[PDB]
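Q: below: the sequence, then the experimentally determined structure.
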Amino acid sequence: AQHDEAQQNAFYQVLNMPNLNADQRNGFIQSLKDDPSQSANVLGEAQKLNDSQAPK
């Protein structure tokens, strides 16, 4: 929305991964920063990891 806020939205989502512990989500944040074009991939990986580590 508004513009290409892909970076922002991906960053916010990766932060708000309640099942991930700090090191993992921080890892994905650094991956986002390093690979800005790959924010979609980084987000995908983060969400998949969060899902797999879900308590149930």
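A: Nice, I can see it. Residues are numbered from 1 along each chain as shown.
Q: any idea how many residues pack against the residue nearest to residue 41 when sequence neighbours are not counted?
A: Residue nearest to residue 41 in three dimensions, not counting chain neighbours: residue 35, with 7.5 Å by C-beta to C-beta, 6 or more residues apart in numbering. (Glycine included, C-beta is placed from N, CA and C.) Number of residues near residue 35 (other C-beta atoms under 10 Å) recorded here: 11.
Q: quick check: residue 35 vs residue 2, distance?
A: Shown here: residue 35 relative to residue 2, a distance of 23 Å by C-beta to C-beta, to the nearest Å.
Q: what's the helix or strand for residue 42?
A: Following DSSP states H and E, one finds residue 42 within helix 39-52.
Q: which elements pack onto that helix?
A: helix 6-15, helix 22-34 (3 or more C-beta pairs under 8 Å, 6 or more residues apart in numbering; DSSP states H and E).
Q: C-alpha coordinates for stretch 45-56, PDB please?
A: C-alpha atoms of stretch 45-56 as PDB (Å, rounded to 0.1, in the frame of the first residue of the first chain):
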ATOM      1  CA  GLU A  45      11.700 -18.700   5.200                       C
ATOM      2  CA  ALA A  46      10.900 -16.800   8.400                       C
ATOM      3  CA  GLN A  47       7.100 -17.600   8.200                       C
ATOM      4  CA  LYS A  48       7.800 -21.200   7.400                       C
ATOM      5  CA  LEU A  49      10.300 -21.500  10.400                       C
ATOM      6  CA  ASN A  50       7.800 -19.700  12.700                       C
ATOM      7  CA  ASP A  51       5.000 -22.100  11.500                       C
ATOM      8  CA  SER A  52       7.200 -25.300  12.000                       C
ATOM      9  CA  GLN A  53       8.200 -24.000  15.500                       C
ATOM     10  CA  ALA A  54       4.500 -23.400  16.400                       C
ATOM     11  CA  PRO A  55       3.500 -24.800  19.900                       C
ATOM     12  CA  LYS A  56       0.100 -25.900  18.700                       C
END
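Q: mind starting the numbering at 683 from now?
A: From this message on, residue numbering opens at 683, which makes the last subject stretch 727-738.
Q: who's in contact with that stretch?
A: Here stretch 727-738 makes contact (C-beta atoms under 8 Å, 6 or more residues apart in numbering) with 695-696, 699-702, 706-707, 710, 713.
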